[PDB]
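Next up: a single chain in structure tokens, the form deposited in one PDB entry.
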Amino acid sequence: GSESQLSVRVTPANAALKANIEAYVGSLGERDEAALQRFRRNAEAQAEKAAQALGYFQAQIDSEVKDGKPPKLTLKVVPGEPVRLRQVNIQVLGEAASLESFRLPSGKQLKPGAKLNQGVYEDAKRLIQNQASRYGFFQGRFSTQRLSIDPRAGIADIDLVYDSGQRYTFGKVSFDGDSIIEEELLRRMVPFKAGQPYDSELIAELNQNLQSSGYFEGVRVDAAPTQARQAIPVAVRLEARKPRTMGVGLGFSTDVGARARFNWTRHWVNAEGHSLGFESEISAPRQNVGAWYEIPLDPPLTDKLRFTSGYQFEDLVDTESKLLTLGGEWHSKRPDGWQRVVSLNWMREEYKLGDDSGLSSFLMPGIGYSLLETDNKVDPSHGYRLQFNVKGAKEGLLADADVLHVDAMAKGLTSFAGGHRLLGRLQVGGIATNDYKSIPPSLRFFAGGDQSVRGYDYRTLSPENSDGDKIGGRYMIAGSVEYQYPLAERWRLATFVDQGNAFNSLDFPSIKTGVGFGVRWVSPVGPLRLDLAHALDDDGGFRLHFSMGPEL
């Protein structure tokens, strides 16, 4: 201690007004009677601002200042009935009058008869000007912005007439900078054609496009407007990235432990925008190395070819595997957001399941679909992810066995009330075959872990053989529901239930259940999560899970 507690008395009770006054006055701070006495005129001023802000203008307040441990100041507030809107005229004229997606100011708070709330007028004004600016009505004017308050007789009039004038348009797109990327390529990632209606979110989209292309270390995408129609030219300057970039990352997980990730990427090999890359990751239970080549199709960023090769060693609970892979991928995304990937992958796997050593190889075609819909990036308000992937093989036809491998995931997040979050997770997997023994670990299914079924260690939920070794399931499911309570900014308190298992028979899934609670912390890289989970099934003890990365 000590800090001098603020006190608001509203007769008769009005929680809204009270909380507003409390927010407006702010913190009294530490001591004292005298300092509080000086603060009184400010306190009454702020309080009456808050009343005026909620429509109470025949607001009559009184300050009281008491001393003690700590001190305190009691404001008595009394609110004459509020000022209700009589006339409200909100008009958007000009070209904007005809724009479909131009939201007119609406809602309960701007209806006649309603108590005047702080900034509803300004909210409306801000909305109009924001959409004006988004859609390129730069010659857009407020012909009329009148707010009238007669506290007495309790009347308020709103008048917003907004002449938007003519709409500007996208001009030429120009590219300068030490980039060797052909303008043929750069123009196919401009998300607009010339003579098309201006949209600042399209400029943003272009900026993020160029940034995400990997081609540069910097882009200056600017389209400032011009005087009193025209056509706003867009200037893009590109700094070719250093031709060979290196990156190193450290991470940790309960699943795999300490982890190191490295990448050494060439972001442009030639003028046609081809991309080269290498990457590896080292952890005690798993080490892998990969190389890749990418060819932008059209659009370059959502449609592409990706060739890959890889080697991976893995020693987990009762299984070992050296896995070699080559592959070709074709990414294409439709306007929904549905990204398809058509693949042809060859794999050879040297493995030890329990004490039984195998080696098998498959050439499998596959098709996948993905969908990601979020509020944005670093933690979003609400969103979801859908993922579907099928691959298969015919023995004889470059396959040691017949295979129909299917895996699917669904992730979801919603925020409601004052920031209460709900998280949902489902994952399903299945492999069909006429030779299960020939099926290597990578094609089998495992469960448990930070991102699977908490309360259980990584990939430990699995069928066992004669001697009690975890060998892998033909199918698996893992689901989770989590509730998050905002405790502070960047701080949340979660409770969760996960259920899942990997198993060979649909009739006896023997689903295991872990339940628990943890802490979420929003760092700048991402949401770190630390959970304490109790296994309800098998012989359940307690388990600490730790993980890094986005919620979705």
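Note that residue numbering begins at 1 and tracks the sequence as displayed. Just so we're on the same page, rigid core means the largest C-alpha set that superposes within 1.5 Å between forms.
According to the record, no deposited residue between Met246 and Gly247 is left without atomic coordinates. Stretch comparison (317 to 325 versus 204 to 212) by mean CA B-factor in the PDB entry places 204 to 212 on top. Comparing the deposited coordinates for 294 to 302 and 473 to 481, the stretch with the larger average C-alpha B-factor is 294 to 302. If you compare the C-alpha temperature factors of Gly430, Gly277, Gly358, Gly418 in the entry, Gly418 comes out highest. Across the options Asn288, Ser309, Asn434, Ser381, the residue with the most elevated CA B-factor in the record is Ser381. Among the modelled residues of its chain, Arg459 has a C-alpha B-factor that falls in the lowest third according to the deposited record. Annotation for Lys108: C-alpha temperature factor in the highest third relative to the rest of the modelled chain, per the entry. Sort the chain's modelled residues by C-alpha temperature factor and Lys49 lands in the middle third, per the entry. For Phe388, the recorded CA B-factor ranks within the lowest third of the chain. Only modelled residues enter the ranking.
Ranked by C-alpha B-factor against the other modelled residues of its chain, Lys172 falls in the highest third.
Here the subject shifts to the form deposited in another entry, a form of this protein not shown in this document.
Once the two forms are fitted on their rigid core, between this form and the one not shown the CA displacement reaches 2 Å or more only for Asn207 among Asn207, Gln387, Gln287, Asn263.
After superposition on the rigid core, the Cα atom of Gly218 is displaced by 2 Å or more between this form and the one not shown. In the core-superposed comparison between this form and the one not shown, the C-alpha atom of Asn465 has shifted by less than 2 angstroms. Core-superposed comparison between this form and the one not shown: the CA of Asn117 exceeds or equals a 2 Å shift.
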